[PDB]
Amino acid sequence: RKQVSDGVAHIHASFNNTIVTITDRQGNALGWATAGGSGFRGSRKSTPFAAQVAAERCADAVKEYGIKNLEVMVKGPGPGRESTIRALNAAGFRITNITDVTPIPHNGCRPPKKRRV
Amino acid sequence: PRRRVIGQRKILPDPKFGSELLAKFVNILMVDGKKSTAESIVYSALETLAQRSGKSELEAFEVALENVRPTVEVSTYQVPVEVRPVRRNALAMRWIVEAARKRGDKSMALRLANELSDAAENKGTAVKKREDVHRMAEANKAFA
Amino acid sequence: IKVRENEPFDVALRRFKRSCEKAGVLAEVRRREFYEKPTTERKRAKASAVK
RNA sequence: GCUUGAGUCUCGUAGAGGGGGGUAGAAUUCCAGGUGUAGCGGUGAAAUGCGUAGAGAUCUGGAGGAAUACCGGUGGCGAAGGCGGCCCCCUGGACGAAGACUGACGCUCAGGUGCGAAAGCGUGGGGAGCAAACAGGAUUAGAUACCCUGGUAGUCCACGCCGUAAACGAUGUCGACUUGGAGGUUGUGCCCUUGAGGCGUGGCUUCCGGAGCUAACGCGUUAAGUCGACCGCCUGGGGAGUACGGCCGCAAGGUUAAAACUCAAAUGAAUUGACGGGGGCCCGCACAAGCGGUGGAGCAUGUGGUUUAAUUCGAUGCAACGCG
């Protein structure tokens, strides 16, 4: 179906969850998979293992497109992200670019207070 | 074990088959320092195991014990960790013997002969203990 | 940031991420505007950097 | 009168000094649209919350507000509060080089006047994020908290008020003298520059230390050393920086400022120890790895209690309870 043959893997690692979205070069999503949607709810959805099985599961569900090349775009910090791109070249993809696209303000908005734990 | 790294003591092999593996199996089975009784039970049970399966003695034992050896075992985290080989077959024998004590047959040689026979086609209780351990270490795979 | 595919490679192993953004810069902008704790955190950081 | 104090002029230097105006780029939120699909978010774990009315992720376009990553530095500037993108306009101070000029014009300062973070107040705007109050979810014995999800005043602008802070180098201002070392920053002169040069002379500043001082801790040419001038303030702890009165303030409150009564201490620095849900290193059947027990049953024996005429006395966390 529609046979795009090149895409972008936007991986959005945060501290609590990694969410991998495989799209095309136009930016239209072709299929996604989160670490929290792969079993292991909770303290286990923020691990490199959960991110890699999230990326394995996002490599599935884009078989209908015949993607061979993809760029990787990485957001946020997280226990994910590093393992995530590994799972992508464990799934036959030719990984072309690895950009880190974490949003950094140039002293913009005030961050929240928190955490007197 | 706080300080002292240790050696280990050498057990005498089995007086019928020369197997230190099976010698540790009669030590796992032994209660109250009665070794003669336990080796009688092991010779009877493995003798009917060799007669039933028709293979041989300690390769029927080695198959029936090969089906129950654990692969890996498990804030409070239950991490999976790879079992050492001596601990591997030590756990194998402890689960066979414990499950054989759980059974409801007549004699201990029949309970353990039927438990090793149920472990030869891996359908007994010790294999459910191994699958249980492997479900715990398989569910919690996310910690390494 | 960006690293182009090499002609004969298995792992890109980009270190672009490490030299700048991940470790410090995003973990710093998770928490409060002070003016006060940074003046003392930098004061004791430059007072610790001593022989 | 005089120039060694103070000041003026010439030429430059560095600077987040101030006020006004403009602009730029990242990011957050919102709105509209494309793809796409079952979760997202959150936590120690959860739930509230958002989501098949299509969220989150992702791309495009727009709006708006605030703050200005990197440079960034015990770096700089300012009397202090404080001041951080870039550009323009108006403007204050400092420092340096040589020379000229005035000629003690100086120092401090009670009352007085001005400036004075943040929160707060008034009027009018603005309102993206954050967030007192507030609401819900948790946690808990309770939880009017810490944690989570939302969230209003406020934070932002204009003008006025307030007038305070651990407004702190807890160190008033001005001047003079008194061994050193390593830096930072900003001027400048000289000398093969023949480096990542050399040698000097100023301004501000950081760390360590000598004499000296100090209760000690420490300060140590930027003094808490050695002196001089003027000011401010102190006189045991509490009551109390409170009440009354005055002045100020829209208010909140600010400032000035007692007494009765009560205690024989309150305090500073340092020492020894003990302790810590502080840190480092180390041990023991301490935990872990195992095996067998106890707690359940009947009996033995000891104890507490009860009973009794008496149920002899003693032992009572560990280290009393088949103990004397």
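Everything discussed here concerns the structure shown above.
Below you will find a few notes about this structure. (Residues numbered from 1 in each chain as written, not as in the entry; some residues may be left out. Chains lettered and ligands numbered in written order. Part of a larger assembly, values for the part shown. Heavy atoms only, no water.)

## Section: the overall build of chain C
Here is the rule we go by: Only runs of H or I of at least four residues qualify as helices and only runs of E of at least two qualify as strands under DSSP, and these elements are numbered from the N terminus. Each radius of gyration reported is based on C-alpha atoms, and the globular scaling rule is 2.2 Å times the count of residues to the power 0.38. Any residue under 20% of the maximum accessible area for its type is buried, any over 50% is exposed, and the rest in between are partly exposed; the area is computed with a 1.4 Å probe on protein chains only. Only the protein chains shown count as cover for residues, and all accessible areas are computed by the Shrake-Rupley method using a 1.4 Å probe. Neither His nor the chain ends contribute to the count of charged residues, in which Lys and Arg are positive and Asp and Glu negative. By convention, the charge on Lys lies at NZ, on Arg at CZ, on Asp at CG and on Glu at CD.
Within chain C one finds two helices and zero strands. A compact globule built from 51 residues should have a C-alpha radius of gyration of about 10 Å, whereas chain C, at 18 Å, is more than 25% larger. For chain C, the C-alpha atoms occupy an extent of roughly 50 × 30 × 10 Å along the three principal directions. Across the 51 residues of chain C, 10% fall into the buried class. Split by element, the accessible area of chain C, about 4700 Å² in all, is 53% carbon and sulfur. Here chain C contributes 16 positive and 8 negative side-chain charges, whose respective centroids are spaced 8 Å apart.

## Quick word on the interface of chain A and chain C
Our working rule: Whether two residues are in contact is decided by their heavy atoms, any of which lying within 4.5 Å being enough. Two parts lose some accessible area (1.4 Å probe) when they are put together, and adding that loss for both gives the buried area. The salt bridge criterion pairs a side-chain nitrogen of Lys or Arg with a carboxyl oxygen of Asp or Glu, the two atoms within 4 Å. What qualifies as a polar contact is a pair of N or O atoms within 3.5 Å, subject to a donor-acceptor requirement within protein and to the restriction that residues adjacent in sequence count only when both atoms come from side chains. Here the term charged refers only to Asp, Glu, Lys and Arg, the term nonpolar to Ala, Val, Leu, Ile, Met, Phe, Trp, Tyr, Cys and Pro, and the term polar to all other amino acids, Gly among them.
Taken residue by residue, the interface counts 24 residues in chain A and 21 residues in chain C. Around 2100 Å² of area is buried between chain A and chain C when both sides are counted, 55% of it from carbon and sulfur atoms. The interface formed by chain A and chain C includes zero salt bridges. Where chain A meets chain C, there are nine residue pairs in polar contact. Element by element, the count of residues in the side of chain A that touches chain C is highest for strand β5 (residues 94-100) of chain A, at seven residues. Taken together, the residues that form the side of chain A that touches chain C break down as eleven nonpolar, six polar and seven charged.

## Some thoughts on the nonpolar core
All names here are of chain B. Our working rule: Nonpolar cores were defined as sets of buried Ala, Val, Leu, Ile, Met, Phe, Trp, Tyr and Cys residues, with membership established by side-chain atoms within 4.5 Å.
Judged by nonpolar contacts, the single largest core of 34 residues is most densely connected at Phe 25, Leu 29, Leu 46, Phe 61, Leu 112 and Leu 116. Mapped by element, the contributors of at least two residues to this core are α1 (20-29), α2 (35-53), α3 (58-66), α4 (85-102), α5 (108-120) and α6 (126-139). Tallying contributions element by element places α4 first for this core, with eight residues. Look past the residues within four positions of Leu 112 in its chain and what remains in contact with it is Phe 25, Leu 29, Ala 45, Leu 46, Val 97 and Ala 100.

## Structural notes on the arrangement of the chains
For the two pairs of chains in contact, the largest share of contacts goes to chains A and C. A gap remains between chain B and chain C, with no contact made and the closest C-alpha atoms lying 22 Å from each other.

## Describing the protein's contact with RNA strand D
Filter applied, for reference: Throughout this document, a residue counts as near a molecule or strand when at least one of its heavy atoms sits within 4 Å of that molecule or strand.
The full set close to RNA strand D counts 41 residues, and A:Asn17, A:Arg41, A:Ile104, A:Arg115 and B:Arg2 are the nearest of them. Here the atoms of RNA strand D within 4 Å of the protein split so that 68% fall in sugar or phosphate, with bases taking the remainder. A distance of 2.7 Å separates a sugar or linking oxygen of RNA strand D from a polar atom in the side chain of A:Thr21. Contributing elements (two or more residues each) for the surface near RNA strand D: β2 (18-24) and β3 (29-34) of chain A, α4 of chain B together with α2 (37-48) of chain C. In terms of residue count, the dominant contributor to the surface near RNA strand D is β3(A) (three residues). When its residues are assigned to classes, the surface near RNA strand D shows twelve nonpolar, 16 polar and 13 charged.

## Concerning the packing of α3(B) against α5(B)
Residues and elements named next belong to chain B. Inclusion rule: Working convention: axes come from line fits to C-alpha atoms, limited for helices to the stretch in contact. Angles between N-to-C directions cover 0 to 180 degrees. In this scheme, roughly parallel covers angles under 35 degrees and roughly antiparallel covers those over 145, while 65 to 115 is roughly perpendicular and the rest are oblique. A clockwise turn of the near helix away from the far one marks a right-handed crossing, whereas an anticlockwise turn of less than a right angle marks a left-handed crossing.
At a minimum axis separation of 7 Å, α3 and α5 run at an interaxial angle of 65°. The orientation of α3 relative to α5 falls into the category roughly perpendicular. Judged by the sense of rotation from one axis to the other, the crossing of α3 with α5 is left-handed. Where α3 abuts α5, its residues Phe 61, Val 63 and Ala 64 lie against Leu 116, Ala 119 and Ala 120.

## Examining the packing of aromatic side chains
Counted only if it meets this: The pairing test for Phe, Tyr and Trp rings, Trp by its six-membered ring, is centres within 6.5 Å, and the orientation test on the planes gives stacked under 30 degrees, edge-to-face over 60, and tilted for anything in between. Here, a charge over a ring means that NZ of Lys or CZ of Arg falls within 6 Å of the ring centre while also lying within 35 degrees of the ring normal.
The full count for this structure, using the stated rule, is four aromatic pairs over all chains. Ring centres of B:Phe17 and B:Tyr43 lie 6.4 Å apart, and the angle between their planes is 85°; this geometry places the pair in the edge-to-face category. Here the residue B:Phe17 occupies a position in the segment before α1, and B:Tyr43 occupies one in helix α2, the gap between them amounting to 26 residues. Using a relative accessible area of 33% as the deciding quantity, one classes B:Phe17 as partly exposed. Taking the relative accessible area as the measure of exposure, B:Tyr43 reaches 14% and is therefore buried. Over the ring of A:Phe15 we find C:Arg30; its NZ or CZ atom is 4.4 Å from the centre of that ring.

## Observations regarding the pattern of salt bridges
Residues and elements named next belong to chain B. In the structure shown here, the tally under the stated rule is twelve salt bridges over all chains. Here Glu 138 and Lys 141 are joined by a salt bridge, their closest N and O atoms 3.1 Å apart. Within the structure, one salt-bridge network assembled from shared partners comprises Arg 103, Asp 105, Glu 115, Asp 118 and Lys 123.

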